[PDB]
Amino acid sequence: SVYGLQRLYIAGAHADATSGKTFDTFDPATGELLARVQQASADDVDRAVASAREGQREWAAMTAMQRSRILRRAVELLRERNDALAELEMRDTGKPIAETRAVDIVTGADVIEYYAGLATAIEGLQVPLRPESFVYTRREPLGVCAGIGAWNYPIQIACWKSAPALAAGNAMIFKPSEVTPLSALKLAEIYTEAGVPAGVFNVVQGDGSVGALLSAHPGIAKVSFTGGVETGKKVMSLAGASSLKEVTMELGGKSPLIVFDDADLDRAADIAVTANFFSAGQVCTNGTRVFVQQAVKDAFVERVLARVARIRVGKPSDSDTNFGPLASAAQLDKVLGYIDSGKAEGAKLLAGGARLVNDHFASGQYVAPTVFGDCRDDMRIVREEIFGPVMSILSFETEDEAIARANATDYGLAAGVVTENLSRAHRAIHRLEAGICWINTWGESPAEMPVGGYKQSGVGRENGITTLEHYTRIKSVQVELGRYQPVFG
């Protein structure tokens, strides 16, 4: 194996698990074994909670500025090690090195940096009731938080969950996806090197059974989960049933991109291609239902296909590549099944549609960038999240029609519109039932911008000032300065 045996990270050090079990992580471009990874046992999760409880006490007793400085040092280390971490993330995920060098660590560190600076701005309120009595609130740490990661943006997710948790004075136990377990360990080392106390960021490893141990643990105050809707429902159920934990969930989507007849069509085609094929289509917010107004449909499709034909499919370790394999064979099987469904249900295959098996591609999990035209709302590929590089193009006649069809889903993660018109841009966005909305762009997720789902695409939010506040619990304190008037007299 490339990276050897990897283990748990508890109490400021790498540590042997006590399960007697390991799992494998692979390079999905080559099938090379990257590491054997020890799986945490229930005892290990218990120990990680005890460790986090102890570290949280020391961390929360520091001043807000002491925490700020330590997180700022972690940011420095992430910037310094960006390229090395990007190489590891590329190996583990299959995403192109051109992506992991520019996006994954950059934006992960961006959010740690943002919350490092805001760690001093967490304030309660004060309000008088009368001259003799007033109320103040404290925003106290929750305690020990759990984060459960997905495999498409492993280190970015670890950063985005741990940053507001740590900035607010919590500890976090993080479990990466078993598909991509490696970079979370590097973040744990960096937090320790930056000065984070032992236990404040612990990493446990394993499959969903280890995630369930975290969701059920009575010593954990909050769970933050990124993954599929079916798993999210199990997590929220168990986290609530076990000990009434606070919950945040980010759960995938079938987000609509609406290209109006007064769109800039070059802009629209660029957006649609980014919104469907970045990270080989494995992005929760991807704009996978592309609604295009009839009058510009043919011109728009011509532009999309010309851009899709120029995608540089290749080895993700090659800097010239901008589209690589999917992250697993299970991914490839599911995506190819959806492509079969689209063909069977009468969608028109306009580009791609098959696994690449020539030369080195045969050793990886490569599916061509795929575009279906003449799609209908009742098709499986239109109704269900594919989580791969499959664009569905749907025509519409009127603005009201596009909005109604865009909203006719139980998903609600993202939405976007392309139009040059001032009124249409805002009025359409205001009617779309999604938490993350883009006008004349797609995909950017600034640290300042709260992101999360409507409907079954999630609960709660990440990023922005509001998310830092949601990693605290409110204590209201009423001070009575006057005589307590007896109620029983």
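Numbers for residues come from their place in the sequence shown, where the first is 1.
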Q: Using only the Cα atoms and their B-factors as the entry lists them, report which of 452 to 460 and 431 to 439 averages higher.
A: 452 to 460
Q: Can you let me know which of the two, 183 to 191 or 308 to 316, has the higher average C-alpha B-factor in the entry?
A: 308 to 316
Q) Between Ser177, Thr288, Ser224, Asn407, which carries the biggest CA temperature factor in the record? A) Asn407
Q: Report the option among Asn202, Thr419, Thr370, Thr107 whose CA atom has the maximum B-factor in the deposited record.
A: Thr370
(Q) How does the C-alpha B factor of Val487 compare with the rest of the chain: lowest, middle or highest third? (A) highest
Q: State the tercile, meaning the lowest, middle or highest third, of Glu480 with respect to the CA B-factors recorded for its chain.
A: lowest
Q) Relative to the other modelled residues in the chain, which third contains the C-alpha temperature factor of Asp16: lowest, middle or highest? A) middle
Q. How does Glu89 rank on Cα B-factor within its chain, lowest, middle or highest third?
A. lowest
Q. Among the chain's modelled residues, which third holds the C-alpha B-factor of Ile173?
A. lowest
